[PDB]
Amino acid sequence: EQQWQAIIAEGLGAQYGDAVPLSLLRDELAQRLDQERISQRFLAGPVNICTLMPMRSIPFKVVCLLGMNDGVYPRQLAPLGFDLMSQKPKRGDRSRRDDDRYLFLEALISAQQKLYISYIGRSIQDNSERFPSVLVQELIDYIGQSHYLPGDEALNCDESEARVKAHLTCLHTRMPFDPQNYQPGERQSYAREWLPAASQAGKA
Amino acid sequence: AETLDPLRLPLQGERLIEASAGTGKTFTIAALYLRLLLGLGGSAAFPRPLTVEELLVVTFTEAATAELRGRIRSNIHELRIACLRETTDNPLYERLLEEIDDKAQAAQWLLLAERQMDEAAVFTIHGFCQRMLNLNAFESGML
Amino acid sequence: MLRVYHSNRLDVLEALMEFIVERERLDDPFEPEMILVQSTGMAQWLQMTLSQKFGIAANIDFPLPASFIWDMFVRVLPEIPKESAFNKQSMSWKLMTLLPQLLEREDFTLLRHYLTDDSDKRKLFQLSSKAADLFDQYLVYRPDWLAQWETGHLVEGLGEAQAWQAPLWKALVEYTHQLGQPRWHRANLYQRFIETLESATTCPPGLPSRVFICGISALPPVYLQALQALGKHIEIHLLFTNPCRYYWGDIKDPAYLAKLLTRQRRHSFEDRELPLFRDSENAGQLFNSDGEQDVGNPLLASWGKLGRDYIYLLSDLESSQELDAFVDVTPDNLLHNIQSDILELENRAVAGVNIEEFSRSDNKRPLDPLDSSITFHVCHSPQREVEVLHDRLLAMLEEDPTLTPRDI
Amino acid sequence: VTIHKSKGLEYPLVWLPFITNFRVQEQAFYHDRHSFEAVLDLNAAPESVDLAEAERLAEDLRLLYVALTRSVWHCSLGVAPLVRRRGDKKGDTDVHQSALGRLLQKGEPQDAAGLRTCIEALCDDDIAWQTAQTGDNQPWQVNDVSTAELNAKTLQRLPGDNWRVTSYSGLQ
Amino acid sequence: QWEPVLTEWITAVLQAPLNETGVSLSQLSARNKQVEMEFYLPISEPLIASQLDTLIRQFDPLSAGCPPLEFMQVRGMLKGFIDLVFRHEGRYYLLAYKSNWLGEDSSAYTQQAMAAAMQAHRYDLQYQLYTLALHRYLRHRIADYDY
Amino acid sequence: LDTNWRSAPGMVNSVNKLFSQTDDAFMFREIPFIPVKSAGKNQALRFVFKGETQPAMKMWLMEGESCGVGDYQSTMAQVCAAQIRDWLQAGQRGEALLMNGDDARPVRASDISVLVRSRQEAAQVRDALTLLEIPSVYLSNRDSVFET
């Protein structure tokens, strides 16, 4: 009732005189019913799950990023085509691509202690290589060109960059019951439910 | 028919490339993309260098477009490194570096191509048709 | 006096806001304290930090910048309603009535070819909604275009769509002149609002004591030109988060470069004058011919275009007071190395222009193998990705004894 | 992997057991040799059936070229005198109606001995032939290996204290 | 049809004063009133119900009955939305609204029934947290403040 | 494009020998076939067996005058499964190898691939291969998980 009376009040505020069809009001109510968002439990104390929202940078100790593959991030919103702001850009103009790049910059700066970045690299259907985003690729390129491992102190520039980018990249297994995750070392899984499944010590 | 060289192809009018089975078609597309970006070829070159949002690449499979976009991004990064260093380990990249006279402007153009790689116009057929229907909706008549 | 607070992180800005509130108390206790935010989570974090610092956080209003600007329009200039007549839905329902009346014109033949093919009043409402959204964006960002369209003259150098956008807007301004709705909107009011504050001698009543602008990194030049005239009378504290401490924006003219060189920041606690650029004599060689500064850090040049425009819009203000409180980060970890390279504005990426720099590899920064600050992970599915993330967050909670999941 | 799903992939060793099996198109939907437009003939005219079968044979030859050019080191082919016709011994086989036999028998109808002589005619160092032997000795050998001991880490303490931003209704 | 009775009921509510001196709601100006004050209250100790309910029962006379509620140790922030805060003759006052009131239709809503409703719905803890938040707000805002 | 960078020159010569027997092998005038050239870096690729160097194309001619469809499919599936188990049984002992110059690689189960056209013959190949204790995957399986 609130959305219907709000739609009719916004229509009659312009004093619309002609007839209005039913399907237009149905599509408008279907669009207005799904427009609502919830952000009440953003900082309640449990760990925060939210999308990247622009002009909101809060310092945190651990900042994790998901879905940083190509195509998904940065979120591209195409212009209308007949908009004049896209033709002659000014200083104060805002675009969603630049907002997402500044959001990635604010997520890099706002991270205090630990930064986690995970993207889908291999397809689950046909095992096809899924490339990451351009921002993460520039980040790992700057990491490989700005830092080197103490094992190979003076070997090469591109080879040390590839060795750093391979040491940082943890290619995890396709299935959770794989014994590679439960091998002791740097990374070890905390899922004790798949430990007898990975140990292969069960009756058939 | 004639043999195809990626650094001597005239980019004027309509050309028909018949890439056989097993040939480097995905490598030739990236080579022609770098040729269209840097504006190489001399007399057979483009009249003006184009940006990333002006090069249209059409491939049917979406995973093929993603793989081609990643390969073109890797080729842009490798050519930018080879232009900043004025040396490379690839013979086609060696001839590409030998074709250009200036190095700083080409490296800046490759850096701008690397930064604008997210807005690359490498789409599918139906994706390009949907983008052209939503962009110029007035002359087409699309919702 | 308009006070601009540059800082690397947000906790320094929150401490500066705490020092401002504890230094100068409000004369009216029931007067709300205007803190301009953009999202609800930013206002919630500011409320929680002010409650942690003060013991309480109440009667603090967090409005939108457009809502605060329209509220100041109502409070300063009279005969203005609390709601604007030009909204998105109102202009859409106005243009849905105005567009069939304007199909007979020669300039609207493209919309006639788009509309008169088949219409069950679906394409008309979509065109009206998109044109109303574009008109709202013109009301926010481009007031000169609407001011020239109200007279009826075109702007030289625009696109073809102006050929149907200039008579559509002006007939809108007549239509609200035809109805009982008020005439005033956002575009035609900002120049009178700027002029009536510069021409006034006494301060108008109803204005708040001090306005905070925290967590906002993107504003149009119209809003900043209004806030400069607002800050000439009432002290407005602008807390802006910039990742670099030096000037990392663009330039307009060489006569503006000397004006930027004469402007120097001063610390809040140390009270010492600090320059903007790292080198004052070689500051002209950094900028290009068009006016873009060659940033040494490629990540800041590639990702921070919005902040690069915003610091240029902030530096263009005449009566702005710039204060810098930057806490330096000791580069020990990899993330701290990246933050120090962004803050100090230096390029640590080794290109290897010569063979001597390409052969040796000890010229870079050493990265310890136990440094788990920045990690990149490759997964196969959205289930397995967060399944890896849960185990990694459990490992991070086990690695540090003092670690809160609220801080994650 | 099917032939359409193997376009653009790469495989070391490729086995093609059913490359001689062919299927005859029955419907009359062809393309004109002058206007290059899709012509659908709803009547059962023999010229339209032959012009559709020519495009079907060209599609089978293109499938043969796709399937042959995916091997890197070694490819193996299965050739046999397949007869689609219901007659058992008619003196001629239908391998010329397939894609492989059009290149082996040079587009000419022959017999099983003619197919064998056409196979043995193009014998080089890279192209050889052998007869199909039906026989099995042993399935395989497993050659399994032991698995090392592995464990899962356990969290020592609680992940977090009771921290929650509530109201009066949460405490009631 | 409810409207002409609703407006006279609203004016009858507004004409009735609610103070120990007899101050009505019409005497409050716009600068004196503040509607829907939202506050965040910090707490760094684990909130024990047994150490809090005895401290409430030591001073509050309405805690003669009302067996104590059970809640977990809450450490962190507390949200609250006060309906109205208003000043008059240099003295601050709080006002909240309760409007369910299903079980009364006659004039039986005396002070004893209202006190029983306050003990049943447990609005004493809400009013005590409101007094603590208002005390901290007037201490932070006004210098040289006495409760 | 003249140069081919994928396969060994033996397979390239086999393709250029089989498809250039007659003129216009693709039976259309506007589709001409040209002999492609192999790569210079991949000219040393050899699939070697226990006996000697195995040739590129091996046309397994099924012997007989006339055969049906199901019997031919069953016999060629059995021959293919026998060749797979012969390549895997000799590959795990260091006999069958893939040699690039002097570098060698043993043939695993992921190297051998069977190219089919339909789902029924793919199931026939899988049933004829799982009888000899050889597990096989179907990459072209587009069946829904809800139909199992």
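Here the Cβ is made from the backbone with ideal geometry for all residues, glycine too, and neighbour counts use every protein chain on show. Any read-out appearing in this document is the output of simple, stated calculations on the displayed coordinates, not a laboratory observation.
So the values come out like this:
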quantity: Under the Debye formula (equal points on every Cα, no solvent term), log10 I(q)/I(0) of the stretch C:55-101 at q = 0.16, 0.20, 0.26 Å⁻¹; calculated: -0.65, -0.80, -0.95
quantity: Cα long-axis angle, helix A:134-146 against chain A (0 to 90 degrees, to the nearest 10); calculated: 30
quantity: Charge sum, other residues only, whose C-beta stays under 11 Å from residue D:47's C-beta, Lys/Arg counted +1 and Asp/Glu -1; calculated: -3
quantity: In degrees, nearest ten, helix E:3-15 long axis to first principal axis of chain E (Cα); calculated: 60
quantity: Computed E for residue F:23/residue B:92 - FRET, C-beta separation, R0 51 angstrom, nearest 0.05; calculated: 0.90
quantity: All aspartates and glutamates inside 12 Å of residue C:82 as judged from Cα atoms, apart from same-chain residues fewer than 8 positions distant; calculated: C:71
quantity: Calculated log₁₀ intensity ratio I(q)/I(0) where the Debye formula runs over C-alpha points of chain A, q = 0.08, 0.16, 0.17, 0.18 Å⁻¹; calculated: -0.52, -1.33, -1.38, -1.42
quantity: Taking the C-alpha atoms of the stretch C:227-326, convex hull volume expressed per residue in Å³; calculated: 115
quantity: Separation of alpha-carbon centers, the stretch E:115-147 and the stretch C:136-199, rounded to whole Å; calculated: 51
quantity: Which of F:110, D:71 has the fewest Cβ neighbours within 10 Å, and the rest in rising order; calculated: F:110, D:71
quantity: Convex hull per residue volume in Å³, alpha carbons only, for the stretch B:1-111; calculated: 124
quantity: Dimensionless Rg/Rh of the stretch A:116-204 - Kirkwood Rh, Rg from C-alpha atoms; calculated: 1.08
quantity: 13 Å beta-carbon shell around residue A:193, net charge (K/R +1, D/E -1); calculated: -1
quantity: The stretch C:221-280 and the stretch B:1-69: distance between their alpha carbon centers, rounded to Å; calculated: 47
quantity: Label-reachable residues, the stretch C:331-363, where backbone N falls under 12 Å from a point 7 Å from residue B:103's Cα toward its Cβ; calculated: C:352-355
quantity: Proximal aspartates and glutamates relative to residue C:94, as straight alpha-carbon distance under 12 Å, when same-chain residues fewer than 8 apart are discounted; calculated: A:10, A:18, C:174
quantity: Prolate/oblate/rounded call for the stretch D:57-138, Cα gyration tensor, a/c under 1.5 rounded; calculated: oblate
quantity: Highest-MSF residue in chain D out of D:129, D:15, D:73 [GNM, Cα springs under 10 Å]; calculated: D:73
quantity: Förster radius 35 Å - calculated FRET efficiency between residue F:140 and residue B:133, Cβ distance, rounded to 0.05; calculated: 0.60
quantity: Cα→Cβ-extended label distance, 7 Å offset, between residue A:4 and residue F:130, nm; calculated: 5.8
quantity: Residue C:267 versus residue A:171: modelled label distance in nm, points set 7 Å from Cα along the beta carbon direction; calculated: 5.0
quantity: Ellipsoid equivalent to the protein assembly as shown - semi-axes via the Cα gyration tensor, in Å; calculated: 68, 38, 35
quantity: Value of [θ]222 nm, deg cm²/dmol, for the protein assembly as shown, DSSP H segments ≥ 4, -39500 (n - 2.57) each, nearest 500; calculated: -12000 deg cm²/dmol
quantity: Chymotrypsin sites (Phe, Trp or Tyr not before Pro) within the stretch C:269-340: DSSP coil, no more than 16 neighbouring Cβ in 10 Å; calculated: C:269
quantity: Residues of the stretch C:165-195 with amide N under 18 Å of a point placed 7 Å along Cα→Cβ from residue C:83; calculated: C:176-177, C:179-186
quantity: Label-to-label distance, nm, for residues given as residue C:359 and residue C:122 (7 Å Cα→Cβ offset); calculated: 7.2
quantity: Long-range Cα-Cα pairs in the stretch E:1-139 (distance over 23 Å), rounded percent; calculated: 50
quantity: Gyration tensor verdict on chain D (Cα atoms; rounded if a/c is under 1.5, prolate if a/b is larger than b/c, oblate otherwise); calculated: oblate
quantity: For the stretch F:1-112: rounded, prolate or oblate by the Cα gyration tensor [a/c cutoff 1.5]; calculated: oblate
quantity: Hydrodynamic radius (Kirkwood) for the stretch C:344-400, which is based on Cα pairs only, to one decimal in Å; calculated: 15.1
quantity: FRET E, pair residue E:120, residue A:25, Förster distance 41 Å, beta-carbon r, rounded to 0.05; calculated: 0.35
quantity: Gyration tensor (Cα) of the stretch B:57-140, equivalent ellipsoid semi-axes in angstrom; calculated: 32, 15, 10
